[PDB]
């Protein structure tokens, strides 16, 4: 299994550049030069790279400094052939963002935050990014009385709609992808799950160009089914981007390599990305982006091993998911379990409520005890899927 640029594996600069500082310790690794990250990822098989404005250009950087850094980074891009599919803003590390960016209680800070995003749209547009991600990690609270909850969502709408309006005004081919997370760093974050993000988008003035960026570990931190959430995002045609990593349970965000967390759930996520829905439906077409952190125990040899593991994991799952659905044994098991039956509409062509309530076959003379005897055989179909994942089939 070898990743080729056609696989569309993208990595953020902060992923392999994650230095190791956590809540109980300092960094264990030296800073990564951005120029080296670009060359290194291109040798491993990356398609692209992504970044936060402050991953690249320091918060306090002067003008002279900004142009050097960009000169150096466009050089590298040109030399290697890597693309920049997504760009994001850091509205969480500086102490100024302690209560949030867009939903800070201080109005002057909300204004700085939105200014910092607008300037960043320009840069994203100049880099040729298709997607603009917003992760509001400081948007929320520890305490329930800290916020006016309706005001927090109005403030949130103000900023996303101003950023969308500007995109439209400037003529840029960028779509905004919002990224939900339940907790960490705040005790509770606003728009905690895929569902909250999707609901919020519908209340937006310019929601037409606003969609989601779900992350595997983030949905797993609330104990949800990551494959079920992306399937609701796909169905509403709002799956604009995706962040892939691993998580081993409800606890702090681990950011492990994709496949190094819940393995069967990873298998089924690859299946949906690659095979789509069993009865047909929309298909995800974008970057396969890995937002993980090489464990702090490992040196730089581990950093490039970890980057590699992400694409290997993904290609190994892909080989198994294609084989799985290709197996005639699996196709038969699927039909038996009613997987294609689910796709037939419940009512008949031009049948109304009234029409169905009256049908005696459907209700009054329906033999419920008889219908309850069907052996759905879900266990057998799940055993078949695991045997294809373990490659023993």
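Numbering follows the first chain given and starts at 1.
message = Quick check on the record: does 198 to 206 or 263 to 271 carry the larger mean Cα temperature factor?
response = If you average the C-alpha B-factors of 263 to 271 and of 198 to 206, the larger mean comes out for 198 to 206.
request  = Between 352 to 360 and 326 to 334, name whichever shows the higher mean Cα B factor according to the PDB entry.
outcome  = It is 352 to 360 that shows the higher mean C-alpha B-factor.
message = I'd like to know which of 27, 339, 49, 63 has the highest C-alpha temperature factor in the PDB entry.
response = Checking the PDB record, the top C-alpha B-factor among 27, 339, 49, 63 is at 63.
ask   = Say you rank 214, 95, 282, 192 by Cα B-factor from the PDB entry; which sits at the top?
value = If I rank 214, 95, 282, 192 by C-alpha B-factor, first place goes to 282.
request  = Looking at the entry's B-factor column for C-alpha atoms only, identify whether residue 128 ranks in the lowest, middle or highest third of its chain.
outcome  = Tercile = middle for this residue's CA B-factor.
query = According to the PDB entry, is the CA B factor of residue 286 in the bottom, middle or top third of its chain, that is, lowest, middle or highest?
reply = Residue 286: CA B-factor falls in the highest third of its chain.
task = Check where residue 185 lands among this chain's C-alpha B-factors and tell me if it's the lowest, middle or highest third.
result = Ranked within chain, residue 185 CA B lands in the lowest tercile.
inquiry  = Sorting by Cα B-factor within the chain, modelled residues only, which third would residue 165 end up in: lowest, middle or highest?
reply    = Highest third of the chain for residue 165's C-alpha B-factor.
Among modelled residues of the same chain, the CA temperature factor third for residue 370 = Tercile = highest for this residue's CA B-factor.
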